[PDB]
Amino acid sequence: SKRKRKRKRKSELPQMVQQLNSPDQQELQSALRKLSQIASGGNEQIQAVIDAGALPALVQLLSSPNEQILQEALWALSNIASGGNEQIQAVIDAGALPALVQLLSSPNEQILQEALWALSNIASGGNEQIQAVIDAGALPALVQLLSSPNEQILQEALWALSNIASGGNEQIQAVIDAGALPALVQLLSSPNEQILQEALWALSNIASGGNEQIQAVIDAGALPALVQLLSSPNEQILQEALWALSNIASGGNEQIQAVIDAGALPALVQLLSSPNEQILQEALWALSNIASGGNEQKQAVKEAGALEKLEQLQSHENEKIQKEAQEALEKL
């Protein structure tokens, strides 16, 4: 009866590849601009760039001392990695990952941003593609960028970590093992709404894993902060706070109890009186997961005043809320 949620975020062509070897800098940079423009479009267009064999040339252009070339080579591969799971694999096979991981140590803010956006597109594929990013050694660098004073780099590192944490339990464990949780818990107190929202996204995906992955979040100290975000006037921060707690509540009775002990129930029951259907639906989802525990957890929910409001919510105009309230009462 427990629900878990994850969220991910994303012509003479064979001669154009040879044009990258041209001594004329206007010629090699024009071809590189065209190649990147084709890959920005649909999946079929990206596949044509693969067939022309641009990937080994683009991967070699990742060591170019020319910043204008490197910038466009990164933007082209980023567009190539925005495609399908198989197209992303082609970028990995080309040897992009060791070069991109080394590009994370670049003191060039433009290049660093361009590389993070490429790694985030590779991490938005399948679990085979995410594990490739992990095995490349991207995680120690991404966790280090969580302490960066550059708000843009910090946001783009969070983008990559949320995508890595959107994979399997082995992938989420890797993010935990890399030491991401203390840094993410620190970002929950941040006055920057953009940074807080990205850290809420990453933690919610870590919380979507197994009981052990959920416990890591609890031991990290995320709950007091998370319960306080349930009092936020910001609808975006609130939806993400409810998203993280629902995934923590989808764990075991020991995890569900930690949620109760953190003072979530008075806040969750209050959110049931919201005229905002999205907030009410997520508050319901979070309660439905708590009600999926033992008698000790069910008693806490009953004593919080949930029964009264859940009974009243069976008459709601929204059929999705009518259903959610009937499910939660049955559990109780």
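Start at 1 and count along the sequence shown; that's the residue number.
Counting the deposited residues that fall between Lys10 and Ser11 and carry no coordinates gives a value of 10 or more. Stretches 121-129 and 220-228 differ in mean C-alpha B factor, with the higher average recorded for 121-129. As listed in the deposited structure, the average C-alpha B-factor of 86-94 and of 112-120 is greater for 86-94. Sorting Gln299, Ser292, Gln60, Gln270 by the CA temperature factor given in the entry leaves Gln60 at the top. Residue set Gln278, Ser288, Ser274, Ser36: peak C-alpha B-factor at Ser36 (per PDB entry). For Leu32, the recorded CA B-factor ranks within the highest third of the chain. Only modelled residues enter the ranking.
Remark: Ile80 belongs to the highest third of its chain, ranked by C-alpha B-factor as recorded. In the PDB entry, a CA B factor belonging to the highest third of its chain's modelled residues is recorded for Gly42. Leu310 sits in the lowest third of its chain by CA B factor, as recorded in the PDB entry. Placement of the Cα temperature factor of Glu72 within the chain: highest third of the modelled residues, per the deposited record.
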